Every structure is written in structure tokens, then in C-alpha cells.
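Q:
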Amino acid sequence: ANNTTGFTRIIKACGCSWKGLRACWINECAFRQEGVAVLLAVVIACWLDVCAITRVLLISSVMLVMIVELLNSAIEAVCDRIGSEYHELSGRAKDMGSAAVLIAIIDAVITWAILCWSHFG
Amino acid sequence: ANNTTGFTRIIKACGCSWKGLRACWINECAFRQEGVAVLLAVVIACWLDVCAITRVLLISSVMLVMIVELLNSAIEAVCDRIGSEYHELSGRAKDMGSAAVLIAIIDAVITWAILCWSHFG
Amino acid sequence: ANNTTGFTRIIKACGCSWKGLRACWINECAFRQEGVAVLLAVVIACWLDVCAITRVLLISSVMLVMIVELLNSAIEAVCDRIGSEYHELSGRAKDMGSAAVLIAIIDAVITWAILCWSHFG
Numbered sequence: 001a002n003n004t005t006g007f008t009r010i011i012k013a014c015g016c017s018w019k020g021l022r023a024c025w026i027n028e029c030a031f032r033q034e035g036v037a038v039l040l041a042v043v044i045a046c047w048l049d050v051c052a053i054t055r056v057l058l059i060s061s062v063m064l065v066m067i068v069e070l071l072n073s074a075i076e077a078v079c080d081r082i083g084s085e086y087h088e089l090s091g092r093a094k095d096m097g098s099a100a101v102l103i104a105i106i107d108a109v110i111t112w113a114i115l116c117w118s119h120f121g
Numbered sequence: 001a002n003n004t005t006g007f008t009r010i011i012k013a014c015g016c017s018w019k020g021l022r023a024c025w026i027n028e029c030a031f032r033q034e035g036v037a038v039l040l041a042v043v044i045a046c047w048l049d050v051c052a053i054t055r056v057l058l059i060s061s062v063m064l065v066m067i068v069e070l071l072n073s074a075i076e077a078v079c080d081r082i083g084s085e086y087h088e089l090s091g092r093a094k095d096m097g098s099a100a101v102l103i104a105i106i107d108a109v110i111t112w113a114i115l116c117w118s119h120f121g
Numbered sequence: 001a002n003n004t005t006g007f008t009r010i011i012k013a014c015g016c017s018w019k020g021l022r023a024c025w026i027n028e029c030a031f032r033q034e035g036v037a038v039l040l041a042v043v044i045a046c047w048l049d050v051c052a053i054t055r056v057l058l059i060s061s062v063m064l065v066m067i068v069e070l071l072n073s074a075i076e077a078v079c080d081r082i083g084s085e086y087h088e089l090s091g092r093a094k095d096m097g098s099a100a101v102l103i104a105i106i107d108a109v110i111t112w113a114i115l116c117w118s119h120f121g
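Protein chains in written order, with the deposited numbering: chain C, 1 to 121; chain A, 1 to 121; chain B, 1 to 121.
1) Between which two residues does the alpha helix (DSSP H) holding C:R92 run?
2) Can at least three beta-carbon pairs, one atom from the stretch 4-18 of chain B and one from the stretch 86-103 of chain C, be found at a separation below 8 Å?
3) Kindly provide the ranges of any alpha helix (DSSP H) runs that are 4 or more residues long and lie completely inside the stretch 16-96 of chain A, ordered along the chain.
4) Please report the straight-line C-alpha distance between A:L57 and B:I110, rounded to a whole angstrom.
5) Any contact of the stretch 40-48 of chain B with the stretch 101-108 of chain C, i.e. 3+ C-beta pairs under 8 Å?
6) Which of the three DSSP states, helix, strand or coil, is assigned to B:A13?
7) Can you give the Cα-Cα distance for B:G83 and B:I75, rounded to whole angstroms?
8) So with CB distances below 8 Å, who are the chain A contacts of B:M96?
9) Going straight from the alpha carbon of A:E88 to that of A:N72, what length do you get?
10) So what does DSSP say about B:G6, is it helix, strand or coil?
11) Within 10 angstroms of its Cβ, does A:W112 collect 16 or more other Cβ (buried), or is it exposed?
12) With a CB to CB cut of under 6 Å and the five nearest residues on each side skipped, what residues in its chain are close to C:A23?
13) Compute the Euclidean distance between the alpha carbons of A:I53 and C:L39, then round it to the nearest angstrom.
14) Verify the CB distance criterion: does B:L39 have a CB-CB separation below 8 Å to chain A?
15) Please report whether the beta-carbon of B:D49 lies at a distance below 8 Å from any beta-carbon of chain A.
16) Which residues, in chain order, does the stretch 101-118 of chain C contribute to contact with chain B at a C-beta distance below 8 Å?
17) Quick one: list the residues of chain B neighbouring C:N27, beta-carbon separation under 8 Å, in chain order.
18) Beta-carbon within less than 7 Å of A:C79's beta-carbon, same chain only, minus the 5 sequence neighbours each way: which residues are those?
19) Which term fits A:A30, buried or exposed, when burial requires 16 or more other beta carbons within 10 angstroms of its beta carbon?
20) Given that A:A52 touches chain B, what residues does it touch there, using C-beta distances under 7 Å?
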């Protein structure tokens, strides 16, 4: 039963993420370049004397960048499984994935300036 | 015009979600296992005497788990439409999808402890 | 090296989004229909005398609608690159994508009423 085992694969998310995040590191490491880089900047603001709700709101935007870059890495991982015809095919999906994190970042930066003006100081 | 009707399909999202969420329930029900399960736990904290902003922030993390599991179900639904070659192919995309909800949950739990310490009590 | 250049494509997100958001406007403009439409409604509440945290929380739900519709446009863009067999194939993925923005909106509306009752006035 491939459909039943497909759900079992989701149930064991940690194990699954091993080969996925492996292919991510190998093919597209924007998870680290933007995802974790932004995470670390928030960690600094959170370490400093700020408000607990700002801390939460900043982490929420961190998840938006991390997750979308995981989706971008997923695109290239599957292309590698077959060949150059697919490396070109998914370029439209990857273009939209770039647009997705751009939108996440641009609007997050607006909220970031607001939060810094009201609570970071 | 397939492209024009493609947008019309998005315009009627409710109708579309019928066959999609059908395939989700059949193939991968992590939408219920993690998505709704976490939702119900927030509903309890929100029913109790807490702050309205915490209520909102918890619902926001609920949407992060629900939506990503809908994306995981989408992966297996399309594999079923063709066969075992695709059930194996998308396993990399599914691995990254597992990583996506793991990241959503792990960082959400950090915000959850913060919110519980500042407002749940 | 297609995998290395795949990451380079992500590094230049702005450039990539050109052809992606081009295909979005051509094939599926729900980014504008729901994404920006909701954004503009928040801009009005934010322009009015409200709380800075509400302003941030509303923008966060705007990003949820915008991003998911970018993912919906991505689906149809790739179908156009090959043909009608794929326009039908991805319909399950598109159905789940419709479910994704429905869930984002429905739970966001609950948070929206809460925020309006506590801060909009």
C-alpha cells in the first residue's frame, strides 16, 4: 500500500528530514543563508532587554523565511533525481519560490521596523 | 484556454478543496494528526482566562502546522494519480515537507513557552 | 553543475521572480485578487489609530494569503511548460493549495475579529 506508507513517512518526520535536509545542504543551502542567518539576528534582539511578544513575532517571521527556503531546496532535490530536463522545467516553480521568500522578507521588514520602534528601543 | 480555467479553479477554492481534502483524508491525514490536534490544544488555552494577543499568536502557529500538512498531503495525492515511480520520486519533496513542519513546530514551541510564561500563567 | 547553479538561482531571488511573477500574472492572478486585496484592507486599519502590534499581526496574515497564492500560481506555471496532461495532473495539488489559503483565511478571520474587538474599536 504506497498511499498508506506515504502517510507513515509523514508520521516519521524526523527520520524523513534526514535525507531531505541532506539533499538541501548539497543542492540549495538558502535555508542557512537566509533562514538561519535571520534567526541568529532575532536571537540577538531577544537576548537583549526587549518585550516577550516582540520576541515571539520575530521568531514567527524567522519561520516564514526558513520554511520557504526548505520548499526551494525541495524543488532542486527532485530535479536532481531525474535530470536536466527537470532542472529547467521547475525553474518556473523556483522563480515563484524566490518571489515567496521576497514577499515574506519585505513585509516582515515593515513589521520589524514597527516592532523595533515600539519595543526594541 | 487551460491557463484561464486554471485561475478560475483558484477562484472557486471551496469547490476545489473538496477533491483535494478528499485525497488528503484518503492518503495523508497528518492535517488531522498534527494540524487539528494542535488547534484543539490552543482552543483550550483560548477558552481559559488568557490574553487576546496570545490567543492570536497561538492560532497563527496552528495555521503553520495545518497548511504545511496540507502541502504534504498534496504531494502524495499527485503521486497516486500516476504510480510507484512517482511515489518514490517525490520522497525528496516529502522529506523536505517533513523538515518544514518540524521547523514550524520547534520554533513555535519556543514561542509557546514564552507566551505561557507571560500570559497563560 | 546544475545543482550549484540551482542554488545560484535562489541567491538571485529578485531576478528569478521576474519570470515567475510574469507567469503568475499571465496564468493565475489570485496573488492580486486575494493577496494584495487583503493587504490593502490592512493598510487602512494600520493608517487609522490602532495598536502597533495589531498592525504587525495583520500584516503576518497578509503574508500567509500572498505566499500561498504565489504557490498556486507556481503550480499552473509549470503545467503551461508542458501541456494538458499536466494541467489535469496537478489539479490535486491545486485543490490542496485552495484548501491551504482557505485555512489561512478562515483562522485569520477569527484572529481578525479578536484584534478588532481588542484594539481596532
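Beta carbons: idealized from backbone N, C-alpha and C, even for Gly.
A: On the basis of the coordinates in this document:
1) Run containing C:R92: 91-115, per the alpha helix (DSSP H) assignment.
2) Yes, the stretch 4-18 of chain B is in contact with the stretch 86-103 of chain C.
3) As far as the stretch 16-96 of chain A is concerned, its whole alpha helix (DSSP H) runs of at least 4 residues are 37-47, 52-80, 84-89.
4) C-alpha of A:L57 to C-alpha of B:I110: approximately 12 Å in a straight line.
5) No, because fewer than three Cβ pairs between the stretch 40-48 of chain B and the stretch 101-108 of chain C fall closer than 8 Å, the two stretches do not touch.
6) Here B:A13 sits in helix by DSSP.
7) Roughly 13 Å separates the two Cα atoms.
8) When 8 Å is used as the limit between beta carbons, B:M96 is near these residues of chain A: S17, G20, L21, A23, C24, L70, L71, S73, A74, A77, in chain order.
9) Using only the alpha carbons, I get a separation of about 14 Å.
10) Here B:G6 sits in helix by DSSP.
11) Buried.
12) Take C:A23, set aside five residues on each side of it, and the residues of its chain with a beta-carbon closer than 6 Å to its own are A77, in chain order.
13) Take the alpha-carbon of A:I53 and the one of C:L39: they are about 22 Å apart.
14) By the rule that beta-carbons nearer than 8 Å mark a contact, B:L39 does not touch chain A.
15) The C-beta of B:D49 comes no closer than 8 Å to any C-beta of chain A.
16) Under the 8 Å Cβ criterion, the stretch 101-118 of chain C contributes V101, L102, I103, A104, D107, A108, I110, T111, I114, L115, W117, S118.
17) For a Cβ distance threshold of 8 Å, residue set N3, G6, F7 of chain B lies close to C:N27, ordered along the chain.
18) Contacts found: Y86, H87, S90.
19) So A:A30 counts as buried.
20) Neighbours of A:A52 on chain B, chain order: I114, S118.
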